[PDB]
Each structure stands twice: as structure tokens, then as C-alpha cells.
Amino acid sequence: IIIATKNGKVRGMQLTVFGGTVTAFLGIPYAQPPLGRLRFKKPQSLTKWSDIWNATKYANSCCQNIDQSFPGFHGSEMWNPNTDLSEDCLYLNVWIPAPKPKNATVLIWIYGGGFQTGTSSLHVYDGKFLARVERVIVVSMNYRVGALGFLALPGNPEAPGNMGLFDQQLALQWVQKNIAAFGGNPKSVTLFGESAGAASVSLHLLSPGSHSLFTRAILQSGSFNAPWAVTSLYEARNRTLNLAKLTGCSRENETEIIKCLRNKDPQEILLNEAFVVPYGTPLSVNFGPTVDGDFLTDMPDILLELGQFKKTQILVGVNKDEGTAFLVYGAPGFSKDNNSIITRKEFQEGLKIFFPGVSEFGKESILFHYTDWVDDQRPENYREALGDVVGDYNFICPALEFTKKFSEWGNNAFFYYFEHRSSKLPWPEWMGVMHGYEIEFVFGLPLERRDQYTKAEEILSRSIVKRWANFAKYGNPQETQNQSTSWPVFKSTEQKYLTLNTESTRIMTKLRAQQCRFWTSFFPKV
């Protein structure tokens, strides 16, 4: 009930799940808190301790702005942090099966949130189900987000960039050294994450420093080749002094600007984060990953293209309606509380919001490819098209392109297409299979029959959880036991993928091929 780790002793708690027991260790520090002088830099090696650490409650979530666009609405507030914010938040959690296993595959979860938001404490990231049902060990970590986590003055150790990534990377180091004591196999570790998480997983495949800290990887609706994924060094620095002039820390010795930025309280930094870009976007990663030359050694699309990544198996996938989520965060004519039937002109205005610094002709090219309908007169035509535009551009096509490029170097890759809409999904129906709403299925939440899900959803989650575990333990995401569809490898030529839903799981080819050729061949040119 007490575990001796390589820098201290931690105590956990016992949880009853499905007439079994799961040991949960909630909130174990992995770094010296990045407060004071340590704000904005790489996380520092946590020195030894003496007590029995009481890891029996989630720790602090890292400082972050809150989605306040729908106060009181579960669909949005579901994602807001559910513990205190604090700069002192570099902690992690561990779920082990009871009784303590021997050489258990380990699953490491990295949340999303546009690199600005998110926390591990979330209800839909609970690792107790996965530990119970599949007797794997689940770990998840809080990493720094927003400018506290990704402010970049390239070169400068006082703020080199990618700090939240190095946070994450330090937590994988912790699992390498400490997960044995918990009964886990450091030689069998599978990273998985969602959106910004999924982009972080793909970045750990590129970053040489991470290659020895995990074996396989799962990417849910995100990859580093996504347009929001990597910030340039050009706009990163523009973004820091714009935050400095906003805080009156405009100096000229770059190191002395940082010192100024550290005696500002975290709330002042959070407030000015928004105004740092002139024309924001619902998917505006104001502070995210950069080519720091330490974690990320080159421009990732080059590393990708030239095969400069950890060779192993990937599991990649996306949801049917990735883009709808964002239309109600600004796009004109859209709301969660009506059917959001927009016209042609509301559509065009919606393009300027999603593509503000894009040529008049560039916006026109999008309108051309998505508004030559399979048939006109349909009133949702414009509403559905803008949803798909955001989805295909921001998630679906980069995921697929990443998987093609990765598979081309000889590794097994598996691609899925999640198309079930949660019966408990709080948002309306036109928004479809929303971005993010597979996570509860992956984590085994429909398995609690007390949780209002339909029986079909329990079956689907069950199969997904098995597939995810089999990929984790055996590099192969099959469900061998029940007479279910086998999941074929994604080859660059044939491009097969597996659909996931309650009805049937069919095997299809070349998802969104026409839409993706536009986005990946003739649209990067504008």
C-alpha cells in the first residue's frame, strides 16, 4: 500500500471498481516546482525527500485561462480544470491493478487543450477503468501550458521554449526509473493523447531525447503537422515582446525582460495572453511548441518528410465531425441552441474568422471546393460545409498525411475513423461526432452500467479498450476473441482504415481523399 520510489516513499488509496480493486496514486511530483527564478525554464530534477508522500488526491492544475463562453453548461465546463490552479503543478498520477501486477504494460496519457488549457484531473481521463479491465498501468501528468509553458526566446535558457514538452518528457523519465516498483514494464510503455496531446505524442516521436522513454504511440485527433501545432520562431518572438509591452517589461537585454516577467503575478500573464495575436482564432495556439533546437532540433515537417523519427508502431485516428466544436466559438450565425442554418454570406464571414491572414483568393479557393454541392437547395449546406472545412484543414488531413509519411518508412500504422455520437453528448445534434468525444470511450466510461450510457456504447467502449490495450501490449490493435473485424495496417498505397461505431465496424479506404488533396497539395501554396 506504500511504494518506495527512487527519490521518496509514496502512499496511495484503494478504489472499488466492478467488484475489483484498483490502486490509485494521485498527485506525485516529478520536478521541482517551477516557481520564482524557475518560472519559464526547463523543469529541474526533484531532490530527494524523507516523509511518506500522501498521494491521495489530484494535485494542482497548471495556471490557465478558462473557457467562460458557456457558464453552467456541462459541454464546455466538462473541460475546465477541476482542481486549483497554481504555477506549482508538475505532478502525475498512477493507476495500478490490484493485486499489484508483475510486468504490466504502461499507458501514459497526455491531455489536450490547444497547449493553453487542460489538466490530468479530468473526469474523462480517469485511469481506474483501464487498470481494472485490462490490468495495464495508467499514468498521466500535468505539464505547463500557455506562455508559462511555451514562451520562447530561442537559445535563451531563461525561456528557451517547449517547457511543457520538457515537463512531459521529465515525467516519462520518472516512469522509466520508478514504474518498476509499481509492477510496470519500462520496456513496454505506450504514449497516448488527444488533439494537442496527440500533437505532443507525435513530437516525442521526433525529439531524439524522448526516443528511449517509450515504445509505441497513439494519436487521437492531433499531430505535429497540424496548422495550429507548431508556432514559428518569427511569430513566437513577436508574441513575447507583445506580451512584454503589454506588461511594461519592454527592455532590450532579453534576459532582463525575463526577470521582469517573473515578478508579474500569474494572472497578469494569463490576461495578456489573448491580445498577443492581432486577429485570434477559435483554434489560436497563442503559445505552443517551437523549434527550440533542444527538444525539437529541426522543422518537424522536414524531420517527418526525411524519416527522422522513432521507428515503431503508431495508432492514429480522428472523429467524423472534428470541426463543429469551434463554429460556436465565434463563427457568425452559429449557436449551440439553434440548428445554426447559415447562408452563403455567413459562411464567407466565417472563413475570415478561421483564415484571417489569408488572401482574398485563398478564402475563395476554399469556398469553391466545398460549395459545389452534391446538390443545392439543402439549407444546412453552408453550415455543414464550414464544419468540414475546419475539420478537414485542422485535424483530419494532417493526421492522415502524418500517417502516410510515417508509414512510408516501413512501420506498422493503424488508422481509425470514430463516428459514434455519444448518447450523453451535451452539445446539440447538428454538431455531430464532436472533436474530443471519443475520449470517454477510450477510457472505459460506458463500462460503468450506472453511468446512463446505452448497452451498444458499453459494447463499443469494451472493444475500443481491448484494441487500445492490445496495441499497447502487443503492437497490434485487434480484438481476437469475439468475432470482430480485424484492423488492417495502413499502407501508403491502399490507405485502409477502420470505422468505429455501435452498428458495424467496416473497413474503408482513402478517407476524405478529395478534400485532403486540396488541403495538402494546393492550399499550402497560398
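So that the term is clear: the rigid core is the largest set of C-alpha atoms that superpose within 1.5 Å between two forms. The numbering used is simple: start at 1 and walk along the sequence shown.
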| item | value |
| --- | --- |
| Stretch farther from the shown model on average in 9 other deposited structures of this protein, with CA RMS computed after core superposition (220 to 228, 279 to 287) | 279 to 287 |
| Residue 77 dropped in a third or more of the other entries | no |
| Entries skipping residue 376: at least a third of other ones | yes |
| Mean C-alpha B-factor comparison - 323 to 331 and 276 to 284, higher one | 276 to 284 |
| Higher-B stretch (mean Cα B-factor, as the entry records it), 89 to 97 or 352 to 360 | 352 to 360 |
| Candidate residues 221, 238, 212, 202, the one whose C-alpha B factor the record puts highest | 238 |
| Selection by C-alpha B-factor (highest) of 84, 448, 77, 440 | 448 |
| B-factor third for the C-alpha atom of residue 508 within its chain | lowest |
| Chain-relative CA temperature factor third for residue 294 | middle |
| Assigned third (lowest, middle, highest) for the C-alpha B factor of residue 406 | lowest |
| Residue 133 - which third its CA temperature factor falls in, relative to the rest of the chain | middle |
| Third of the chain's Cα B-factor distribution that residue 261 belongs to, per the entry | highest |
